[PDB]
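Structural overview
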Amino acid sequence: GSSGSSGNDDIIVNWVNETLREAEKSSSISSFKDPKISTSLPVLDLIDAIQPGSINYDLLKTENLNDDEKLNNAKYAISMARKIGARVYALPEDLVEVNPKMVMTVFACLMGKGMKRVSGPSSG
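Residues numbered from 1 in each chain as written, not as in the entry; some residues may be left out. Heavy atoms only, no water.

The deposited coordinates derive from solution NMR.

Looking at the PDB entry, the protein carries the name L-plastin, with the source organism given as Homo sapiens. The title given to this PDB entry is "Solution structure of the fourth CH domain from human L-plastin".

Okay, here's the thing in structure tokens:
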């Protein structure tokens with residue numbers, strides 16, 4: 001749930017964690033500059049957590065990845081985004097190096113659901 005202050009930019013991380021927690025995922029992040037992101041674990045699981053059936057670990061690697069594999073993972077993650085409707089403008093090449101320069105549109109776009117507004121003072 002959006003328990004807290006729905007709006008801040010720090011929620012971009014909390015959400016990712018929660019969303020995965022409620023989904024019972026083994027992926028997560030610590031900050032916009034998280035290492036695990038290199039494997040696209042938190043970025044891949046985050047999507048599935050919302051729409052089960054898209055991400056198929058079967059095709060994924062998530063095992064001793066490398067400059068080569070790591071990439072394929074980045075390209076796949078972004079691919080799904082658009083599939084579900086996450087028109088993003090970034091490159092999987094920079095994502096492999098946990099670069100917040102391109103990821104700025106990665107998570108942000110996904111967080112598009114978080115930020116919101118209501119008429120009455122409702123918490124959630």
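Overall, the coordinates contain one salt bridge when judged by the stated rule. Put simply, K61 and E69 hold a salt bridge, and the shortest N to O gap is 3.9 Å. For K61, a relative accessible area of 25% puts it in the partly exposed group. Overall, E69 belongs to the partly exposed group, its relative accessible area being 25%. (Salt bridge = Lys/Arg side-chain N within 4 Å of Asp/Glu carboxyl O. Buried < 20%, exposed > 50% of the residue type's maximum accessible area, 1.4 Å probe, protein only.)

The backbone of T62 sits at a positive phi, close to 45 degrees, despite the residue not being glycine. Looking at the element boundaries, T62 is found in the loop between α2 (41-50) and α3 (67-84). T62 sits in the partly exposed class, given a relative accessible area of 36%. Positive phi values are uncommon outside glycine, yet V98 reaches one of about 35 degrees. (Helix = DSSP H or I, 4+ residues; strand = E, 2+ residues; numbered from the N terminus.)

So, on to the side chain of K70. Checked against the element boundaries, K70 lands in helix α3. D67 provides the closest opposite charge to the buried, salt-bridge-free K70, at an N-O distance of 7.0 Å. Excluding its chain neighbours within four sequence positions, the residues that come into contact with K70 are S38, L65 and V96. (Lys, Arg positive; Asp, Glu negative; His and termini not counted. Contact = heavy atoms within 4.5 Å.)

Looking now at the nonpolar core. Counting 26 residues, the largest nonpolar core has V16, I37 and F107 as its most contacted members. Sorting the residues of this core by element identifies α1 (11-23), α2, α3 and α6 (106-111) as the ones contributing at least two each. Broken down by element, the residue count for this core peaks at six residues, all from α1. (Core = buried A, V, L, I, M, F, W, Y, C linked by side-chain atoms within 4.5 Å.)

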